Amino acid sequence: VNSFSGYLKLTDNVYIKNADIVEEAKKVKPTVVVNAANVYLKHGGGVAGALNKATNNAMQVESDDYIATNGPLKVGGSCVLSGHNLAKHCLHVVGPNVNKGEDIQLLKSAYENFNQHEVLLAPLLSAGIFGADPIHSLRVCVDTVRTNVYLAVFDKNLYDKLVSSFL
Ligand SMILES: C#CC[C@@H](CO)Nc1ncnc2[nH]ccc12
Ligand SMILES: [Cl-]
Numbered sequence: 003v004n005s006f007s008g009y010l011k012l013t014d015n016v017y018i019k020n021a022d023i024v025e026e027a028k029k030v031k032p033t034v035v036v037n038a039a040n041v042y043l044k045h046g047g048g049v050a051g052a053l054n055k056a057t058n059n060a061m062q063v064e065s066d067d068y069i070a071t072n073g074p075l076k077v078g079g080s081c082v083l084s085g086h087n088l089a090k091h092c093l094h095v096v097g098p099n100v101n102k103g104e105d106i107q108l109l110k111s112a113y114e115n116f117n118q119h120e121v122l123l124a125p126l127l128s129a130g131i132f133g134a135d136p137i138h139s140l141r142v143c144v145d146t147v148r149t150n151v152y153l154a155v156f157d158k159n160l161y162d163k164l165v166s167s168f169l
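When the letters of the sequence shown are read in order and numbered with the deposited numbering, they come out as residues 3 to 169.
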């Protein structure tokens, strides 16, 4: 039993809800919140900009130190950093950004990072401003993640479109 509420169950381990991931994280304070990161951990817009804003820029400060020490992530890769006031940990995961010409096949590799954590609150990787088809992202999520994932979808028409189209 966990404290996630109001989710539709899609499979044994995947759940979905129309929700603002910032507000969800503040309420649940999950062990792991997933950020839709880029390789530079520059949290400017989309989910990343919103999560960072909610931390009063502490996420960005921590991230800049991480990059200065370690260099950029790989597309498809991840790192674990602090969750600040939102969660115990933030798993920064880099899905391919279609608006940069990155290979959509890397989306499966990106979701594989979730399997290192028993339970996660997450967005759909590569959706929104990363330019991928969210129906595809949900399919890859369901077919790749084996741990318990609670997906927060910001857009209602999409949330409704994702549910009604889910196979
Ligand atoms: C809109 C749209 C697409 C998705 C990424 O696929 N963006 C988000 N998903 C969930 N919570 C969010 N908070 C702020 C942004 C955001
Ligand atoms: Cl977005």
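Where a beta carbon is used, it is the ideal one built from N, C-alpha and C, also for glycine.
Counting along the chain, the unbroken alpha helix (DSSP H) around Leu53 starts and ends at 48-56.
Ranked by Cα distance from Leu88, the first of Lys31, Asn4, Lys158 is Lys31.
In this structure, the alpha-carbon of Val24 lies about 15 Å from that of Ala39.
Contact holds between the segment 12-24 and the segment 149-156, because three or more Cβ pairs, one in each stretch, are under 8 Å apart. Judged by DSSP secondary structure, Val16 falls within the beta strand (DSSP E) whose first and last residues are 16-20. In this structure the segment 134-142 does not lie against the segment 33-53, because fewer than three pairs of beta carbons, one per stretch, are closer than 8 Å.
Residue selection by CB proximity (closer than 5 Å to any heavy atom of ligand 2) returns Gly48, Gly130, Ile131 in chain order.
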